[PDB]
Every structure is written in C-alpha cells, then in structure tokens.
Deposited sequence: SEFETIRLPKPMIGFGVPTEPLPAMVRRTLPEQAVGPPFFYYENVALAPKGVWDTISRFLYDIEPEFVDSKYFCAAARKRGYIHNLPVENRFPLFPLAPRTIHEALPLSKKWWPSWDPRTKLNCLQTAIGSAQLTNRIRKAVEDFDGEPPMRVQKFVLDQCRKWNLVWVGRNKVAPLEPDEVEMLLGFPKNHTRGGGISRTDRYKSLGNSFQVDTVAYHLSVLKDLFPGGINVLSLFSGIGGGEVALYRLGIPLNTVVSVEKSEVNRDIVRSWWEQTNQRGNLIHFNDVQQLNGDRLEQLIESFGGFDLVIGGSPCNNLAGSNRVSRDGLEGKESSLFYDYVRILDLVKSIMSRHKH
C-alpha cells in the first residue's frame, strides 16, 4: 500500500529511501510539466485509475509532517525532475511548540502530540471545549484513559489545542494559514465568513511540501513561467512558486468558488504581481479552441497544476493536460 515513511523520493530533513530516481514514459515527458495531487488514503483502484490516465506514472506519496507541524498524507503525480530539489525558506514551524509558543504552559503531561493531525474544513463547537474541561476539571490526576483517550481522540480529530487551564480551543484561521504555509490573513477579507475561511483552508496545498517539489523549476525558468492552475483553491501552487522566487509571467486560474477567487485575486494585487492573472469559473469551458488562443497569445504553459476536488472532474484535468500538451508539440 503506502510506504515506510511517506517521504516520497526523499525529504530534506531525512535520510534518503532506497529508490531515489525514476525513469518515465516518453509520453509523460516533454513540455509541459504537470502536477496532480490527491488524498493518499484513497479507496481501492482509485490510485490505479489516476495513474492509468496519467501516463502510468507512479504517484509520489509524502506526509507533509516532514515539512511542517501538520500531518497530511497526499499522493503527487508529476513529470518533474526529482533531482536538485531544495526546501522552501523561510522555514515553517515543525512542532506545536514552535507553531504555538504560548500553548505549552497549558499543555498536560499526558498529551504527547508534537505534531498536529490533518487540517480539515469543520471545527469543534464551544460545547465540546466546555465538555472536555468538565471532564478534566477533576484534577490532581491524569484521570483514566477513559477520559484521556476520549479527550485525546477529540483533540486529534478536531485539532484542538490547549490555550488555558484545562481548556482547549480550535486553531484560529491564521494558525491554520501558517501551518499550511500561506501569508497571514491570506483567506481573510471582504464578505468571507469565519467558516468560509476554515473550509477554503481545509482543501488546500501545504505550501512548504509543494514548494519542495516545485523548487526544481527555479533554475529551469529564470525568465519566469506560464502557469495553468486547475482547481486553484486559494492559490497554493501560485504562492509556492512566488515564495520560491520564480516569476509568474502568466497564470490562468480555473476556480469555481467565488470566495476562493477573491482570495487569489487580492493576493495577486497585494503582492503587486506584474504578470497576468486570467480566471475561469468552470474547468469545463477550457476547450481546445480557447487553449489554442491562450497559448497563442501568451506562449505555452510551462506547468499545469491541479488538486483533486465531483469525481469525474479528474477526467477534465486529463482532458486539459493533453490538449495543452498536444498543442505545444507542433513541429
């Protein structure tokens, strides 16, 4: 199934695994590079399917805990050079202590969490926190694993952290934004509600992880790149490239969520990007006719990137990848 340590072809912080290199089908190679992500713990044959349609390339499984304080198991399918990768600096917090310095005066002896579980879209009610306190207000103890494993399992699933005496709380949006490697208040703005923030963050790249894989693009494109981002979310791929110091000449972003679109746009404006951000609402309108003239106007895409959301939407990733890949092959 999945590997010893989910370190893919290697992580900066750890000793290399046995297989450090790959050879890949000459269909897979050539312009453009592509990068697809999906949840690692997937149902049967799902990864078989994804692989079959992506040139039978073997997916790279890495846990993002090797890059930050939050664990997150993903598979990545790409034709990127695996050699000469480098980690993204400024370096992200590796532990809860580093990520949340003030949380450690309140941290019980029996909570061994040095890493956070996967960050997700919904969040523990005020009730749960009040309840947990009630459970452990009996003090002087370490009270039995009934109470402990209850609290620990609840803290694990909701990512609850100690912020007071016998008191837990969900991660604030900007604590989440930082564990995922986004700018502070990246998702904050306009009409965006609190729960909208959490939802957008729940489904998004861990920027530090993604940056490590995309780092090999920097030496390859000193003049900048054109990016086609499918299912852009809150711009995780584009932020990784910007933090990597790779100029974004042109970016075509396909993104159905309005909130997600505002977030990316504001980011493009706040960072004072000088390239073009071109947006489309639905992936189903990137037809050949359009792609033809995008590529004609702004040159070919050097990278097409996307993550998994509708389960048939994956086939549109495949459909757009090769439309692009075919158009960019004309002798």
task = Quickly check which stretches of the deposited sequence aren't in the model, judged by C-alpha, and list them in order.
result = 1-6, 316-333, 356-357
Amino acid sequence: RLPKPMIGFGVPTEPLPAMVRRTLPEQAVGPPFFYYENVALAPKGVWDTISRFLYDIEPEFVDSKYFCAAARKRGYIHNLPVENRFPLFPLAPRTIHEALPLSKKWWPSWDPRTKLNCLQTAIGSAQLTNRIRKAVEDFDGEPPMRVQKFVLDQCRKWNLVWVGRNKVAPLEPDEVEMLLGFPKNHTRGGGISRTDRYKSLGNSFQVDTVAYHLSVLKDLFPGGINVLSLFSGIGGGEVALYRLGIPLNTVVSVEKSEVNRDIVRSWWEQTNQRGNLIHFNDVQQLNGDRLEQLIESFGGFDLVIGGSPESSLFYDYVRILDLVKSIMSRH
From here on, numbers count along this sequence of modelled residues.
key: Selected stretch [higher average CA B-factor]: 143-151 or 250-258   = 143-151
task = For the higher mean C-alpha B factor in the entry, choose 259-267 or 40-48.
result = 40-48
note = Among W110, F86, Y76, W162, highest Cα B-factor in the entry goes to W110
ask   = Which has the highest CA B-factor per the PDB entry: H213, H97, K167, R197?
value = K167
note = Of the three thirds of Cα B-factor ranks in this chain, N287 occupies the lowest
query = Which third, lowest, middle or highest, does the CA B-factor of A70 fall in along this chain?
reply = middle
query = What third of the chain, by the recorded C-alpha B-factor, contains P32?
reply = middle
query = Of the three thirds of its chain by CA temperature factor, lowest, middle or highest, which one includes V318?
reply = middle
task = Determine, from the deposited record, the chain-internal third of the Cα B-factor for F205: lowest, middle or highest.
result = lowest
